[PDB]
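Student: PDB entry and its sequence, pasted below:
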There are 2 protein chains.
Amino acid sequence: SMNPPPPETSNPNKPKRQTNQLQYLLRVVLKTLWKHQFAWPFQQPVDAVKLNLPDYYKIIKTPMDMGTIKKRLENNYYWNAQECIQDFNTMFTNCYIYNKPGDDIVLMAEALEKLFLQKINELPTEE
Amino acid sequence: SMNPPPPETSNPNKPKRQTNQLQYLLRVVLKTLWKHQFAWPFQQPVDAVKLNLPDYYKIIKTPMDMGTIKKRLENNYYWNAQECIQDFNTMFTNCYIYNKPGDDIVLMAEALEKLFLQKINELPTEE
C-alpha cells in the first residue's frame, strides 16, 4: 500500500549521444503530447496512494509516464530513439491494460497515441 | 461545520413531462458521465465534514452533484432541459470556485465538462 519509486532516469555509466531523432523526440514529440488536453493523467506516475487505488501497481509492473520520458531524454538515458518510442508505447499500453476497452481514460490514451504516431511519422532520418 | 441537507429532488406541485431531450440527458448524458473514471468525486454531495473541508459550504452556497441530478431527472423535477444543463454547469463551476487552477480535482472537472459539452452537442431536437 505504497507507491513504488519512479523509474530511473539517469544512467551515468551509459555512453551518451545527441541525434536529430532524440532531439526531435524531446523538442517536438514530448512537447506536443505534454500540452494536449488529455495529457495530465499521464504526465506523472500514477499516485495510487493519493487516489486510493491499491491494485494499480499489482497490475502495472512496468509503469511509465511522460514526466519520466522527459527526464530520460534530458539525461541522455536513451542511446537509440526506439528505446524512447518503447517507453511511450509502454505508457499507452499500460492504460489499455489497467482499464477496459471503451473506457474514457482509454479513449484519452488512444487519442494521445494517434497524435504520437502522427508526430513520429515526421521523425528525422536516422543518418 | 456540519453538512446541509442535499438539494431537493422532488417537486410534487410542478407539472411533469417526458421529452426527447430529458430522456437523453438521463440515459445518455448522466449515464456517460457517471461511468467516467473521473466521476467519483462528483457523484454525491461533498461530505465536507468527512473530507475535512470546513469551509466548503461557506464558499459553495449552490451545491450540486450528479446523484442529485440523476434523482431530479428520474422524478421529473425538470420541465426544460436547460434546467438540467444548468445543474451540470453549477457542479462544474462549483469545483472551479472552491479549488484553484491546476488542481487535480479541477482538471477532472474540466475533462467531464468537455465530455458533457460534446454530449450536449448531440442533444435531440426540441419538440
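Tutor: Great, that's in hand. Residues are numbered from 1 along each chain as shown, chains lettered A, B, ... in the order given.

Student: host element of the closest residue to residue A:104 other than its chain neighbours?
Tutor: Excluding its sequence neighbours, the residue lying closest to residue A:104 (C-beta to C-beta, 6 or more residues apart in numbering or on different chains) is residue B:36, at 4.8 Å. From N, CA and C alone the C-beta is placed, and that goes for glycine too. Using DSSP states H and E, residue B:36 sits in no helix or strand.

Student: contacting residues for residue B:36?
Tutor: Shown here is residue B:36, whose contacts under the criterion C-beta atoms under 8 Å, 6 or more residues apart in numbering or on different chains are A:104, B:111-112, B:115.

Student: which one (most neighbours) among the residues you listed?
Tutor: Of all the contacts of residue B:36, residue B:112 has the most neighbours under the rule other C-beta atoms under 10 Å in any protein chain shown, reaching 23 neighbours.

Student: contacting residues around whatever helix or strand that residue lives in?
Tutor: Counting by DSSP H and E, the element that carries residue B:112 is helix B:104-120. Residues external to helix B:104-120 that are found in contact with it (C-beta under 8 Å, 6+ apart): A:37-38, A:40, A:104, A:108, B:28-29, B:32-33, B:36, B:38-39, B:41-42, B:85, B:88, B:91-92, B:95-96, B:99-100.

Student: next, the buried residues of that helix.
Tutor: B:106-113, B:115-116, B:119-120 (16 or more other C-beta atoms under 10 Å in any protein chain shown).

Student: nearest to residue A:18 among those residues?
Tutor: Nearest to residue A:18 among these, counting by C-beta to C-beta, is residue B:107 at 33.9 Å.

Student: tell me where chain A has helices.
Tutor: For chain A, helices defined by DSSP state H occupy the ranges A:20-24, A:31-35, A:48-51, A:56-59, A:66-74, A:81-98, A:104-120.

Student: out of those helices, which is the most enclosed?
Tutor: Comparing these by mean neighbour count (mean count of other C-beta atoms under 10 Å in any protein chain shown), helix A:66-74 ranks first with a mean of 20.

Student: output it as PDB, nothing but the C-alphas.
Tutor: Output of helix A:66-74 as PDB, limited to C-alpha atoms (Å, rounded to 0.1, in the frame of the first residue of the first chain):
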ATOM      1  CA  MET A  66       5.500  11.400 -19.700                       C
ATOM      2  CA  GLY A  67       7.500  13.100 -16.900                       C
ATOM      3  CA  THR A  68       9.800  10.100 -16.700                       C
ATOM      4  CA  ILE A  69      10.300  10.100 -20.500                       C
ATOM      5  CA  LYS A  70      11.100  13.800 -20.400                       C
ATOM      6  CA  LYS A  71      13.700  13.300 -17.800                       C
ATOM      7  CA  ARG A  72      15.300  10.300 -19.600                       C
ATOM      8  CA  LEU A  73      15.600  12.400 -22.800                       C
ATOM      9  CA  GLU A  74      17.100  15.300 -20.800                       C
END
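
Student: next one: that helix to chain centre, how far?
Tutor: Relative to its chain's centre, helix A:66-74 lies at 8 Å (C-alpha atoms, centre = their mean, to the nearest Å).
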